[PDB]
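Structural description and commentary
Below are the chains, spelled out letter by letter.
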Amino acid sequence: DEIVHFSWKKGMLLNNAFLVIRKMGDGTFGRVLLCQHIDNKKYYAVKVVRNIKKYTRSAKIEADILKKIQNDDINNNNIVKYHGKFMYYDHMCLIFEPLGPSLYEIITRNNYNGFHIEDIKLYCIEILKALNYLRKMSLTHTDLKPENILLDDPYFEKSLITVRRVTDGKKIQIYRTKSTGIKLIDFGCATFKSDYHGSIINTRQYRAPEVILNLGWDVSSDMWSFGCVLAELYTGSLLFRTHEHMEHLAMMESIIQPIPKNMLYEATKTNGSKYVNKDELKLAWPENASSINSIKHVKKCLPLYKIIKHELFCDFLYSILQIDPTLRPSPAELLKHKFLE
Ligand SMILES: Nc1ncnc2c1ncn2[C@@H]1O[C@H](COP(=O)(O)OP(=O)(O)NP(=O)(O)O)[C@@H](O)[C@H]1O
(Lines give C-alpha, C1' and ligand atoms only; values in the text may rest on other atoms or scores of the structure.)
Protein backbone atom coordinates (compact mmCIF):
# COMPACT_ATOMS: atom_id res chain seq x y z
CA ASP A 1 0.00 0.00 0.00
CA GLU A 2 0.96 3.67 -0.48
CA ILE A 3 0.36 4.32 3.24
CA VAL A 4 3.73 2.60 3.82
CA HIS A 5 5.38 5.69 2.25
CA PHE A 6 6.66 8.76 4.12
CA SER A 7 4.01 10.62 6.13
CA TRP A 8 3.93 14.28 5.11
CA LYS A 9 1.88 17.47 5.42
CA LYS A 10 1.69 20.74 3.49
CA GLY A 11 4.02 23.26 5.15
CA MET A 12 6.57 20.63 6.20
CA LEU A 13 10.15 21.87 6.31
CA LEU A 14 12.72 19.26 5.23
CA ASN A 15 16.41 19.63 6.19
CA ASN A 16 15.92 23.34 7.03
CA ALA A 17 15.64 24.11 3.29
CA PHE A 18 12.78 22.39 1.44
CA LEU A 19 9.15 23.44 1.88
CA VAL A 20 6.72 20.61 1.06
CA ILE A 21 3.82 21.74 -1.16
CA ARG A 22 2.19 18.55 -2.52
CA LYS A 23 2.76 14.96 -3.71
CA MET A 24 3.85 14.44 -7.33
CA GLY A 25 3.85 10.63 -7.46
CA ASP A 26 4.60 7.35 -5.70
CA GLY A 27 6.87 4.45 -6.57
CA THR A 28 7.49 1.29 -4.56
CA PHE A 29 10.70 2.67 -3.02
CA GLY A 30 10.16 6.44 -2.85
CA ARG A 31 7.54 9.15 -2.50
CA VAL A 32 8.16 12.24 -4.66
CA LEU A 33 7.06 15.57 -3.17
CA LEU A 34 7.03 18.99 -4.81
CA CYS A 35 9.14 21.36 -2.71
CA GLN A 36 10.26 24.98 -2.77
CA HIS A 37 13.72 25.81 -1.42
CA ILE A 38 13.47 28.72 1.05
CA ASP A 39 16.89 30.16 0.09
CA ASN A 40 16.54 30.38 -3.70
CA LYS A 41 12.74 29.99 -4.19
CA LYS A 42 13.45 27.38 -6.91
CA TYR A 43 11.19 24.32 -7.22
CA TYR A 44 12.38 20.73 -6.75
CA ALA A 45 11.02 17.20 -6.85
CA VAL A 46 12.18 15.50 -3.64
CA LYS A 47 12.13 11.70 -3.60
CA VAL A 48 11.82 10.48 -0.02
CA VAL A 49 12.91 6.82 0.14
CA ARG A 50 11.30 4.47 2.69
CA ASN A 51 12.76 3.85 6.19
CA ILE A 52 14.05 0.37 5.26
CA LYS A 53 17.85 -0.01 5.30
CA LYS A 54 18.15 -2.00 2.04
CA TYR A 55 16.25 0.72 0.14
CA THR A 56 18.59 3.31 1.67
CA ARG A 57 21.61 1.43 0.29
CA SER A 58 20.14 1.13 -3.23
CA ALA A 59 19.17 4.83 -3.17
CA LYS A 60 22.84 5.66 -2.50
CA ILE A 61 23.80 3.62 -5.57
CA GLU A 62 21.02 5.41 -7.48
CA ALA A 63 22.42 8.77 -6.30
CA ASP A 64 25.87 7.65 -7.43
CA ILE A 65 24.67 6.56 -10.91
CA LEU A 66 22.65 9.77 -11.36
CA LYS A 67 25.67 11.90 -10.38
CA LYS A 68 27.89 10.23 -13.01
CA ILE A 69 25.48 10.91 -15.89
CA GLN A 70 24.77 14.59 -15.12
CA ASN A 71 26.08 16.66 -18.03
CA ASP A 72 26.11 20.19 -19.51
CA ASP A 73 23.77 19.66 -22.50
CA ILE A 74 20.80 22.08 -22.75
CA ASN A 75 18.27 19.30 -22.10
CA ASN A 76 20.72 17.31 -19.92
CA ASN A 77 20.71 14.77 -22.79
CA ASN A 78 17.06 14.09 -21.81
CA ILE A 79 18.09 12.61 -18.46
CA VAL A 80 16.37 13.86 -15.28
CA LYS A 81 18.40 16.61 -13.61
CA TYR A 82 19.77 15.41 -10.27
CA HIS A 83 20.96 18.10 -7.85
CA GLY A 84 22.04 16.14 -4.77
CA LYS A 85 21.04 14.18 -1.69
CA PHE A 86 20.49 14.60 2.04
CA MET A 87 19.25 12.59 5.02
CA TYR A 88 15.96 13.43 6.71
CA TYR A 89 16.54 11.47 9.92
CA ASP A 90 16.22 7.84 8.73
CA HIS A 91 15.12 8.79 5.20
CA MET A 92 17.29 9.10 2.10
CA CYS A 93 16.18 12.06 0.01
CA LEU A 94 17.13 12.65 -3.62
CA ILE A 95 16.71 16.09 -5.18
CA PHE A 96 15.45 16.32 -8.76
CA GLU A 97 14.11 18.91 -11.19
CA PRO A 98 10.29 19.10 -11.19
CA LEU A 99 8.80 17.33 -14.22
CA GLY A 100 5.36 16.79 -15.79
CA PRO A 101 3.27 13.60 -16.04
CA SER A 102 4.57 10.35 -17.55
CA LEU A 103 3.77 9.38 -21.13
CA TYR A 104 1.75 6.55 -19.57
CA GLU A 105 -0.38 9.02 -17.56
CA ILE A 106 -1.06 10.98 -20.78
CA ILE A 107 -2.14 7.74 -22.49
CA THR A 108 -4.48 7.20 -19.49
CA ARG A 109 -5.94 10.71 -19.89
CA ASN A 110 -6.41 9.96 -23.61
CA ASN A 111 -8.59 6.92 -22.79
CA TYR A 112 -5.76 4.48 -23.65
CA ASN A 113 -5.72 5.66 -27.26
CA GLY A 114 -2.31 6.08 -28.88
CA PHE A 115 -0.58 9.40 -29.58
CA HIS A 116 -0.78 10.94 -33.04
CA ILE A 117 1.98 9.64 -35.32
CA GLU A 118 3.51 13.14 -35.68
CA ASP A 119 3.96 13.38 -31.91
CA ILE A 120 5.30 9.81 -31.69
CA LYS A 121 8.03 10.83 -34.17
CA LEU A 122 9.19 13.65 -31.87
CA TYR A 123 8.98 11.70 -28.58
CA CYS A 124 10.96 9.00 -30.38
CA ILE A 125 13.75 11.41 -31.43
CA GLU A 126 14.00 12.72 -27.85
CA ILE A 127 14.06 9.27 -26.18
CA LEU A 128 16.78 8.20 -28.64
CA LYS A 129 18.98 11.20 -27.73
CA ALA A 130 18.87 9.92 -24.14
CA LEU A 131 19.59 6.30 -25.12
CA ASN A 132 22.45 7.32 -27.42
CA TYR A 133 23.96 9.22 -24.49
CA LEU A 134 23.56 6.23 -22.12
CA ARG A 135 25.24 4.06 -24.77
CA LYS A 136 28.24 6.43 -24.83
CA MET A 137 28.34 6.26 -21.01
CA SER A 138 28.15 2.43 -21.21
CA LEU A 139 25.00 2.39 -19.05
CA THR A 140 21.97 0.12 -19.30
CA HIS A 141 18.82 1.62 -17.76
CA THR A 142 17.13 -1.82 -17.40
CA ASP A 143 13.69 -0.29 -16.64
CA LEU A 144 12.47 1.44 -19.81
CA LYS A 145 8.70 1.95 -19.84
CA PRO A 146 6.26 4.85 -20.49
CA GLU A 147 5.92 5.30 -16.71
CA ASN A 148 9.64 6.14 -16.58
CA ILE A 149 9.50 8.72 -19.37
CA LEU A 150 8.23 12.07 -18.07
CA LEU A 151 7.03 15.15 -19.96
CA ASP A 152 9.65 17.93 -19.70
CA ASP A 153 6.96 20.56 -19.06
CA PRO A 154 5.74 20.44 -15.41
CA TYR A 155 2.66 22.54 -16.33
CA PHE A 156 1.33 19.93 -18.79
CA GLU A 157 0.15 22.35 -21.49
CA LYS A 158 -2.23 20.59 -23.89
CA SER A 159 -5.31 20.90 -26.13
CA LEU A 160 -7.82 18.55 -27.77
CA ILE A 161 -7.24 17.37 -31.34
CA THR A 162 -9.23 15.10 -33.66
CA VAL A 163 -7.58 11.87 -34.84
CA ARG A 164 -8.73 8.76 -36.72
CA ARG A 165 -8.23 5.84 -34.33
CA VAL A 166 -5.70 3.26 -35.55
CA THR A 167 -7.97 0.22 -35.05
CA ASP A 168 -11.28 1.05 -36.78
CA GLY A 169 -10.73 4.51 -38.32
CA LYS A 170 -13.25 6.09 -35.94
CA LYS A 171 -12.78 9.84 -35.39
CA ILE A 172 -11.92 10.47 -31.73
CA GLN A 173 -10.46 13.27 -29.61
CA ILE A 174 -7.13 13.02 -27.78
CA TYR A 175 -4.76 15.47 -26.09
CA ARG A 176 -1.65 16.74 -27.85
CA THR A 177 1.00 18.23 -25.56
CA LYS A 178 2.60 21.59 -26.39
CA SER A 179 6.07 20.42 -25.35
CA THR A 180 7.41 17.24 -26.95
CA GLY A 181 10.51 17.14 -24.71
CA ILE A 182 11.01 14.19 -22.34
CA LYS A 183 13.20 13.10 -19.43
CA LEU A 184 14.20 9.58 -18.38
CA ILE A 185 13.75 8.78 -14.69
CA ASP A 186 14.12 5.81 -12.31
CA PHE A 187 17.81 4.87 -12.54
CA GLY A 188 17.76 2.56 -9.49
CA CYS A 189 18.42 -0.70 -11.35
CA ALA A 190 20.82 0.93 -13.84
CA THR A 191 23.94 -1.09 -14.63
CA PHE A 192 27.29 -0.02 -16.09
CA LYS A 193 29.14 -2.30 -18.52
CA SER A 194 31.70 -3.29 -15.86
CA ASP A 195 29.17 -3.69 -13.00
CA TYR A 196 27.43 -6.89 -11.85
CA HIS A 197 24.63 -8.16 -14.11
CA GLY A 198 21.52 -9.56 -12.40
CA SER A 199 19.57 -12.57 -13.67
CA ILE A 200 16.24 -10.76 -14.09
CA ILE A 201 15.92 -7.15 -15.26
CA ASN A 202 13.11 -4.99 -16.74
CA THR A 203 9.45 -4.66 -15.89
CA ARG A 204 7.92 -8.00 -16.97
CA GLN A 205 6.01 -6.65 -19.99
CA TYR A 206 9.07 -4.83 -21.38
CA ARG A 207 11.51 -7.67 -20.65
CA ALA A 208 13.95 -8.68 -23.39
CA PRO A 209 13.93 -12.28 -24.81
CA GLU A 210 17.59 -12.85 -23.81
CA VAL A 211 16.70 -11.90 -20.22
CA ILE A 212 13.77 -14.35 -20.06
CA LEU A 213 15.79 -17.13 -21.72
CA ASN A 214 18.72 -16.35 -19.36
CA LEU A 215 21.18 -15.91 -22.26
CA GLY A 216 22.96 -12.93 -20.69
CA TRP A 217 22.22 -9.29 -21.48
CA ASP A 218 23.84 -5.95 -22.31
CA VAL A 219 22.90 -2.41 -23.44
CA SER A 220 20.96 -3.89 -26.40
CA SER A 221 18.30 -5.16 -23.95
CA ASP A 222 17.20 -1.51 -23.47
CA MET A 223 16.45 -1.44 -27.20
CA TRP A 224 13.86 -4.23 -26.93
CA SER A 225 12.08 -2.33 -24.13
CA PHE A 226 12.12 0.81 -26.28
CA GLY A 227 10.26 -1.06 -29.04
CA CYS A 228 7.56 -2.12 -26.56
CA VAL A 229 7.27 1.50 -25.38
CA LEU A 230 6.82 2.73 -28.98
CA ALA A 231 4.19 0.09 -29.77
CA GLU A 232 2.32 1.23 -26.65
CA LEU A 233 2.62 4.92 -27.61
CA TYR A 234 0.99 4.00 -30.93
CA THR A 235 -1.85 1.70 -29.77
CA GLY A 236 -2.35 2.93 -26.19
CA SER A 237 -1.98 -0.63 -24.90
CA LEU A 238 0.80 -3.04 -23.91
CA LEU A 239 2.45 -5.02 -26.70
CA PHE A 240 2.82 -7.97 -24.31
CA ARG A 241 -0.17 -8.30 -21.98
CA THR A 242 1.08 -11.22 -19.86
CA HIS A 243 2.16 -12.32 -16.36
CA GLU A 244 4.33 -15.40 -17.04
CA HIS A 245 7.50 -16.03 -19.06
CA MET A 246 6.23 -19.00 -21.13
CA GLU A 247 3.17 -17.11 -22.37
CA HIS A 248 5.36 -14.03 -22.91
CA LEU A 249 7.69 -16.06 -25.16
CA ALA A 250 4.84 -17.57 -27.20
CA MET A 251 3.43 -14.05 -27.66
CA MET A 252 6.77 -12.91 -29.12
CA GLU A 253 6.53 -15.59 -31.81
CA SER A 254 2.93 -14.70 -32.69
CA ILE A 255 3.47 -10.93 -32.80
CA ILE A 256 7.02 -10.48 -34.16
CA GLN A 257 8.97 -13.55 -35.33
CA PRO A 258 9.91 -17.12 -34.37
CA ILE A 259 12.79 -17.27 -31.87
CA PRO A 260 16.14 -17.89 -33.66
CA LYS A 261 17.15 -21.57 -33.46
CA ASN A 262 20.56 -20.65 -31.97
CA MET A 263 19.01 -18.79 -29.02
CA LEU A 264 16.75 -21.75 -28.16
CA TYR A 265 19.86 -23.97 -28.23
CA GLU A 266 21.83 -21.72 -25.85
CA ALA A 267 18.78 -21.62 -23.55
CA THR A 268 18.94 -25.39 -22.93
CA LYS A 269 22.26 -24.79 -21.15
CA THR A 270 20.87 -22.01 -18.92
CA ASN A 271 17.82 -21.40 -16.68
CA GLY A 272 15.78 -20.86 -19.86
CA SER A 273 15.80 -24.65 -20.24
CA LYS A 274 12.23 -25.09 -18.93
CA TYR A 275 10.90 -23.02 -21.86
CA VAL A 276 12.54 -25.07 -24.63
CA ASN A 277 11.56 -28.42 -26.14
CA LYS A 278 15.12 -29.79 -26.18
CA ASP A 279 14.59 -32.46 -28.86
CA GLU A 280 12.73 -30.42 -31.50
CA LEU A 281 14.62 -27.16 -30.72
CA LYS A 282 11.39 -25.15 -30.41
CA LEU A 283 9.33 -23.38 -27.73
CA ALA A 284 7.60 -25.82 -25.38
CA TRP A 285 4.24 -24.41 -26.51
CA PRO A 286 1.43 -25.23 -26.01
CA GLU A 287 2.83 -28.06 -23.80
CA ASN A 288 3.93 -25.80 -20.92
CA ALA A 289 0.83 -23.56 -20.91
CA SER A 290 -1.02 -22.97 -17.62
CA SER A 291 -4.61 -22.94 -18.97
CA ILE A 292 -6.69 -22.95 -22.17
CA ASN A 293 -7.37 -19.24 -21.65
CA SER A 294 -3.62 -18.62 -21.84
CA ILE A 295 -3.61 -20.50 -25.17
CA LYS A 296 -6.65 -18.59 -26.47
CA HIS A 297 -4.93 -15.35 -25.38
CA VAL A 298 -1.78 -16.13 -27.40
CA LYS A 299 -3.91 -17.27 -30.36
CA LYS A 300 -5.78 -13.93 -30.29
CA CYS A 301 -2.47 -12.06 -30.66
CA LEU A 302 -2.25 -10.21 -33.97
CA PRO A 303 1.14 -9.92 -35.74
CA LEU A 304 2.79 -6.50 -35.50
CA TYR A 305 1.95 -5.41 -39.08
CA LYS A 306 -1.80 -5.76 -38.43
CA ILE A 307 -1.36 -3.59 -35.31
CA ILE A 308 0.94 -0.90 -36.75
CA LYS A 309 -0.89 0.65 -39.72
CA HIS A 310 1.84 3.18 -40.56
CA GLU A 311 4.34 1.72 -43.07
CA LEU A 312 7.56 3.55 -42.15
CA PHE A 313 6.82 3.19 -38.43
CA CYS A 314 6.16 -0.53 -38.90
CA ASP A 315 9.53 -0.98 -40.63
CA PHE A 316 11.12 1.17 -37.90
CA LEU A 317 9.58 -1.00 -35.18
CA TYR A 318 10.58 -4.34 -36.73
CA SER A 319 14.20 -3.12 -36.83
CA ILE A 320 14.05 -2.47 -33.09
CA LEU A 321 12.00 -5.52 -32.04
CA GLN A 322 14.60 -8.08 -33.13
CA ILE A 323 14.60 -11.17 -30.91
CA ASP A 324 18.33 -11.66 -31.56
CA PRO A 325 19.96 -8.88 -29.47
CA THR A 326 23.03 -8.74 -31.76
CA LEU A 327 20.82 -7.79 -34.72
CA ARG A 328 19.27 -4.79 -32.92
CA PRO A 329 20.37 -1.35 -34.13
CA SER A 330 22.06 1.20 -31.87
CA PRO A 331 20.32 4.51 -31.03
CA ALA A 332 22.76 6.32 -33.36
CA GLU A 333 21.71 4.16 -36.33
CA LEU A 334 17.97 4.60 -35.67
CA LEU A 335 18.31 8.40 -35.78
CA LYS A 336 19.25 7.92 -39.45
CA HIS A 337 16.11 5.88 -40.23
CA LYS A 338 13.73 7.28 -42.88
CA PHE A 339 10.88 7.54 -40.35
CA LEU A 340 12.74 10.16 -38.30
CA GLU A 341 13.62 12.44 -41.25
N1 LIG B 1 11.41 14.70 -11.34
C2 LIG B 1 10.13 14.31 -11.15
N3 LIG B 1 9.10 15.18 -11.35
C4 LIG B 1 7.82 14.81 -11.16
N5 LIG B 1 7.44 13.58 -10.76
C6 LIG B 1 8.37 12.61 -10.53
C7 LIG B 1 9.79 12.93 -10.72
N8 LIG B 1 10.48 11.82 -10.42
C9 LIG B 1 9.58 10.86 -10.08
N10 LIG B 1 8.32 11.33 -10.15
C11 LIG B 1 7.08 10.57 -9.84
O12 LIG B 1 7.32 9.70 -8.73
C13 LIG B 1 7.19 8.33 -9.12
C14 LIG B 1 8.31 7.51 -8.49
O15 LIG B 1 9.57 7.85 -9.06
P16 LIG B 1 10.72 6.72 -9.08
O17 LIG B 1 12.07 7.39 -9.19
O18 LIG B 1 10.29 5.70 -10.11
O19 LIG B 1 10.55 6.11 -7.60
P20 LIG B 1 11.15 4.71 -7.07
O21 LIG B 1 10.13 4.19 -6.10
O22 LIG B 1 12.54 5.00 -6.56
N23 LIG B 1 11.29 3.55 -8.37
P24 LIG B 1 9.92 2.56 -8.83
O25 LIG B 1 9.59 1.72 -7.62
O26 LIG B 1 10.42 1.74 -10.00
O27 LIG B 1 8.84 3.55 -9.19
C28 LIG B 1 7.23 8.31 -10.64
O29 LIG B 1 6.44 7.24 -11.18
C30 LIG B 1 6.70 9.68 -11.02
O31 LIG B 1 5.27 9.65 -11.12
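Residues numbered from 1 in each chain as written, not as in the entry; some residues may be left out. Heavy atoms only, no water. Residues with missing side-chain atoms left out of burial classes, pairs and counts.

Per the PDB record, the structure was determined using X-ray crystallography to 2.500 Å resolution.

A few points about empty space enclosed by the protein
Put simply, the test is: Computed over the protein atoms alone on a 1 Å grid, cavities are sets of points where a 1.4 Å probe fits but cannot get out and pockets are open sets with protein on both sides within 12 Å along at least five of seven lines; a residue lines them when it has an atom within 4 Å of a point. Grid points are joined across faces, edges and corners, and a volume is the space filled by probe spheres set on the points. Each helix is a run of DSSP H or I of at least 4 residues and each strand a run of E of at least 2, with the numbering of both proceeding from the N terminus. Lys, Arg, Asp and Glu make up the charged group, whereas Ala, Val, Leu, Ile, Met, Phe, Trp, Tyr, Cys and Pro make up the nonpolar group; the residues left over, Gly among them, are polar.
Approximately 50 Å³ is the volume attributed to the largest cavity. If you go around the largest cavity, the residues you meet are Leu-131, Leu-134, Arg-135, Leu-139, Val-219, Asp-222, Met-223 and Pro-331. Residue assignment for the lining of the largest cavity shows that the elements contributing at least two residues are α3 (117-136) and α5 (221-235). The residue inventory of the lining of the largest cavity, partitioned by class, reads six nonpolar, no polar and two charged.

Observations concerning the packing of α5 against helix α10 (residues 311-320)
Applicable threshold: Whenever a helix is involved, its axis is fitted only over the stretch in contact; in every case the axis is a line through C-alpha atoms, and angles between N-to-C directions fall within 0 to 180 degrees. Orientation categories follow fixed angle ranges, with anything under 35 degrees roughly parallel, anything over 145 roughly antiparallel, 65 to 115 roughly perpendicular, and all other angles oblique. Two helices that cross are described as forming a left-handed crossing if the nearer one is turned anticlockwise from the farther one by less than a right angle, and a right-handed crossing if clockwise. Whether two residues are in contact is decided by their heavy atoms, any of which lying within 4.5 Å being enough.
Between α5 and α10, whose axes approach to 8 Å, the crossing angle comes to 150°. Classed by the angle they form, the pair α5 and α10 counts as roughly antiparallel. Every pair of crossing elements has a handedness; the one defined by α5 and α10 is left-handed. In this structure, α5 contributes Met-223, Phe-226, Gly-227, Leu-230, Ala-231 and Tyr-234 to the contact, and α10 contributes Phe-313, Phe-316, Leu-317 and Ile-320.

Quick notes on the layout of surface pockets
Heads up, the rule is: Note that the domain bounds were set by an automatic or database domain assignment.
Its boundaries defined by the atoms lining it, the largest pocket holds a volume of some 1100 Å³. If you list the elements that add at least two residues to the lining of the largest pocket, you get β2 (18-26), β3 (30-37), β4 (43-49) and α1 (53-68). Per-class residue counts for the lining of the largest pocket are 17 nonpolar, twelve polar and ten charged. Formed jointly, the lining of the largest pocket draws a minimum of three residues from each of two domains, domain 1 (1-74 + 80-98) and domain 2 (75-79 + 99-341).

Some thoughts on the nonpolar core
The following threshold applies: Nonpolar cores were defined as sets of buried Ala, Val, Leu, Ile, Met, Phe, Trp, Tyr and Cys residues, with membership established by side-chain atoms within 4.5 Å. Only protein chains enter the calculation, and the probe is 1.4 Å; a residue is then buried if its accessible area is under 20% of its type maximum, exposed if over 50%, and partly exposed in between.
The biggest cluster of nonpolar side chains holds 88 residues, and the ones touching the most others in it are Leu-184, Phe-226, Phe-313 and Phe-316. Looking at this core, the element that brings in the most residues is α3, giving eleven residues. In this structure, this core is formed jointly by two domains, domain 1 (1-74 + 80-98) and domain 2 (75-79 + 99-341), each of which donates at least three residues. In this structure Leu-184 touches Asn-78, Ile-79, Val-80, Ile-127, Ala-130, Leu-131, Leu-134, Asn-148 and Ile-149, once residues within four positions along its chain are discounted. Listed in part, the 14 residues of the second largest apolar core include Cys-35, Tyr-44, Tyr-88 and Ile-95.

Focus: unusual backbone geometry
The omega torsion across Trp-285 and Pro-286 is 5°, close enough to zero to call that bond cis. If you trace the backbone, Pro-286 turns up in the loop between β14 (282-283) and α8 (292-299). Phi angles above zero are rare outside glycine, and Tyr-112 is one such case at about 60°. Along the chain, the position of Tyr-112 falls in the loop between α2 (103-109) and α3. Residue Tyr-112 is classed as partly exposed on the basis of its relative accessible area of 44%. Positive phi outside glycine occurs at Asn-202, with the angle close to 75°.

As for the domain arrangement of the protein
Once the domains are mapped, the protein shows domain 1 (1-74 + 80-98) and domain 2 (75-79 + 99-341). The C-alpha-based centres of domain 1 and domain 2 are spaced at 28 Å. In terms of residue count, the dominant contributor to the side of domain 1 that touches domain 2 is α1 (four residues). Broken down by class, the residue content of the side of domain 1 that touches domain 2 amounts to seven nonpolar, two polar and five charged.

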